[PDB]
Every structure is written in structure tokens, then in C-alpha cells.
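A.B. asks: For reference, the structure I am asking about is given below.
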Amino acid sequence: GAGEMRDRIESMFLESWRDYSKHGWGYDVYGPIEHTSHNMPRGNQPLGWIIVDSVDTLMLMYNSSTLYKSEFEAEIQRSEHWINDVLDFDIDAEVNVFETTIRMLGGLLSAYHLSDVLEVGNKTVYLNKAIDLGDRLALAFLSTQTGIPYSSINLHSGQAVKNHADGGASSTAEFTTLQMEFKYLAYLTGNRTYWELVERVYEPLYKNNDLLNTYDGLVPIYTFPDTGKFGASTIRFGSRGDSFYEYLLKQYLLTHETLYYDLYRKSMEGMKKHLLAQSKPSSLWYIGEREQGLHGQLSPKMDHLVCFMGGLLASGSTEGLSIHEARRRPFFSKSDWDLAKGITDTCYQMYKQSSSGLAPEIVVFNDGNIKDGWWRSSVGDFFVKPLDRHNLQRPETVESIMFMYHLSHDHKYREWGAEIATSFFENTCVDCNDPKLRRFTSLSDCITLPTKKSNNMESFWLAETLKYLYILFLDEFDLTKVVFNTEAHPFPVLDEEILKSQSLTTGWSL
Ligand SMILES: [Ca+2]
């Protein structure tokens, strides 16, 4: 039953949360096995990495819990007071602009939103925190002439610093996955600067590289900030590439700016033409990589991160509408929808065909040219390299499953989600037979049985994985009124007329 699954997911969240609160409260990094923790900044000041990333999940569960509503409420209060009284972003330390924007700025914005629409807590606490952090992060856009930011920035001084490696090139997805956050902040503050700075990165990216014509909208993962030109690098929908595509569509869903939908469409058709393929022997659809330009060979290697594509494609085709209604709209893309189901199925198979029921960090699909020390899936559709056997509690597959269920209403997706939730429960638990001490942790190896545990709980286990599994089992969730940032922090769809009155419009074109 949905309500029961709800109780179980809330239970898992609380088991992880109670343990974290008891042993690593206020710390950025936490290891459940040994109950150890530390902060990321050299000076040891906290960034709120886990707390801020988890607040909105607490609010969502508080809103529908029937067994622990009171506990969730108290924890929201605990988190809010800490964010208001302890957390301080005036830190003399360099932080990754992308991660801090999607997790911290995004989490504060979604906490504000949910605090607002759910009337729980004090939304002002989160908004004020978001404005201050947003200002510290925004200084990154002043470093280059192109407007493309360097990878890191000092939260106290505002000094920017290039990527230590890759010849100093920035990761393409890292500066193209900041738009939802800064645009929503612009909307809440009426401050156009946030919007202008974040939209600026696209023109040099598209124009200086002849992106549409030469690359069919597919981006190499590295781009030099000073020139805006791509560096010799792999073209993949995995890490450093993935969210560039995500935010093209999501900006359109959030602000109604059609230019981004058009760009998204171009990239999607390019993806279908150069990266799409099917595995043997189940003919599972998968997106491959091109390490040597579009004219090079196609690699069947696929990061689990690519699995977010199921939900993205479904979202872009339906615009949040249940297919019943979407199928009759002019904007509905039959191709995107069929592929969304296909990719979600493939990603589910990465769990179903896994010895532990959990998909590893990276897999290599069987393209008929898999000819050593690799592990073969149950059906043989993919292999797992010895070095990619870990599982970091990633959400991308349950993410897509959630979208597919709410848009299609096909109960099969809830069955898939339940199986995966069960696999996480049984294969990542520590002190599995004691509800009072049970916790969940990452795996150094999810292929060997019993699985081998790693002493680390990712903030996204709480911010994303458990959140999406939870939403999957909510009977009511209108995907036309919300747009999730890349760390699963929900922002409301913005009113076009209000954006216009605030002079928040597309400041460039192509
Ligand atoms: Ca994401």
C-alpha cells in the first residue's frame, strides 16, 4: 500500500537522520559506520552540507506523515535554528561554485518555498540566508570577460580560482547548472543582476564553439572560461555534461523562456543521432559517450548519473501533465516519451540485473564488442568494471521512476521503486536488525554479496534518493506546479507576468 511504503521510507529517513543528529550534528561530512564527522572548509567552519540539503525533505515528510509528523516538525525546527544561529557563510575558504549553488543555495531556496506553501517554520530565515550566499557565489561571474565562472570561489574574499586540472578549463555542466537557483533568487528579490549574470554564460558557449552547427548541441565536458572555447574532451551525458541539458529544459519549465526549450530540443535530437544505442540481448536503450569528437567511435560506458534522463525526457514531453492530457497537446513529443520509458527501463534493469539489486556508479553496456576481469549482469546487457563497483546512494534512477509514475500512472513504476527501496534497505543498512541503531551508508562494492560498506552518507541520500522514493508514493503530486533543481530541491513554476514586470526576460538570443 502507498501509505505503508510512505511509512517505511519515512522510517528509513528518520533512522539515518536520528543517527546523524545524534553523532554528527552540524557537520558537512558524516560516516555512519564509525559515527565520525568533519567539515569541508580548511578552517573547520560548517557549510551546512547535510542539514541544508535535507531541510526540504523534512518539510515534505512532515507534510504527509501520519506516524512521525511531530518528529519531523521538531527536526525542521532544529535545522532552522541551526541554519539561523550557527551557519555562517562568511568563510575564508574556496568552495566549488556548482556544488554550493545546487546544494546550499538551492536547498535554502526550496526550504523557503516549502516553508511558504506549507506554512511550517520561518521562511524568512532561509531567504535571508539564500540572499547572502547568493551574493557570495555571484562574485564568481566577475572573473572572466566571457562571463563564464572559474570552478571555485572564496566565500569571504570573493576571489575566484580556476579548475586545478584540465588546463584550467571549467566543467561545462558546472556553469550551466546554476540558472534555476540564481533566476529564482532574482524572482524573489526582484534583483535582475542574479538573472543577467547566470544567463550570460550561454552566448559565448554557443557562439564561440558553433555549438549547434558543429556539435549538434552536444557539449564536450570542458570549456575554457577566458575564451569560452571547448577543450579537447569527452562528450557525455554523464558527470560534467549531464545537467547542462537538464537546465536547458528546466529553465523553460521554470520561467517559460522558450529559447531554452528550443536549445533543449536541438541537443535532444543531437543525442538521439550521435549517442543513442541499444544493448544486447535485451535491446535496452542507452546513451553512450564520444571520447574523440562526433566522428570517433561510440563508447557503451554509461554513468549512473545519465539515468536522470528518463525523468527529463518525460518532463519535457509532457510539461508536467499526465499523459492522458499531454498526449493531446501540440508540444507533446512521442519520441521523447517513448525514449523516456526506454531509458527508465534500462536504468531499472541496472538494479534488477545487479547481484544486490543496486546499480553501481558506472556500467558498460554490451554492444557486442565486449571482448576480461569485468562482471557480467544477470541477463548480460551490461558489465561492471572492478573499479566502478561502488554505490554512492545515488538518486538518478528513482528520480526518473518518480516522474514516470506520476506522469503515466503506470503502477509498474511503483513496483520498481519499491524493489529498489527494499534493495537499499537490505544492502546498505548497518545494524540491520536493530531499528534503534540501524543506519544506511554508501558501498565500496555493491556487486559482491554481502555488499561491502563505505563509511560515508551522502547528503543526497537524504536530499534526493529518499525524497524521490517518498514522492513516488505520494498519491497527489502535481508536476505542473513545481520544477526540481538538480539536487531535487523543488522551486515553484514562476508567473510569466510577474517576471515581465520585474524585467526578467531572456537577455540574449540565437
Ligand atoms: Ca541531478
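Simple scheme: letters A, B, ... for chains in C-alpha cells order, numbers from 1 for residues in each chain, numbers from 1 for ligands in the order shown.
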So that I can check the surroundings of region 299-310 of chain A, please list as a PyMOL selection string every protein, DNA and RNA residue that reaches within 9 Å of it, counting only C-alpha atoms and ignoring chain neighbours fewer than 3 positions away.

C.D. replies: chain A and resi 236-239+242+246+275+277+279+286-291+313-315+337+339-347+350+359-367+382+394-401+403-404

A.B. asks: Extract, using only C-alpha atoms, all DNA, RNA and protein residues at most 8 Å from residue 494 (chain A), discarding same-chain residues fewer than 5 positions from it, and format them as a ChimeraX atom specification.

C.D. replies: /A:254-255,499

A.B. asks: From a DSSP pass on the backbone, collect the residues of region 10-245 of chain A flagged as alpha helix (DSSP H) and hand them back as number ranges by chain.

C.D. replies: A: 10-23, 51-64, 69-85, 97-99, 106-118, 123-138, 172-175, 179-189, 192-199, 202-209, 211-215, 242-245

A.B. asks: Quote the spacing between CA of residue 29 (chain A) and CA of residue 459 (chain A) in Å to one decimal place.

C.D. replies: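 Calculated distance between CA of residue 29 (chain A) and CA of residue 459 (chain A) is 8.2 Å.
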
A.B. asks: Have a look at A:121, A:41, A:24, A:134 and name the one nearest to residue 59 (chain A); count only C-alpha atoms.

C.D. replies: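 Under the stated criterion, the closest residue is A:121.
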
A.B. asks: Among region 68-266 of chain A, which residues carry a DSSP assignment of strand (DSSP E or B), reported as a ChimeraX atom specification?

C.D. replies: /A:94-96,152-154,160-161,170-171,220,222-223,230,235

A.B. asks: Pick the closest to ligand 1 from A:485, A:448, A:124, A:509: which is it, counting only C-alpha atoms and all ligand atoms?

C.D. replies: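 Looking only at the distances to ligand 1, the closest residue turns out to be A:485.
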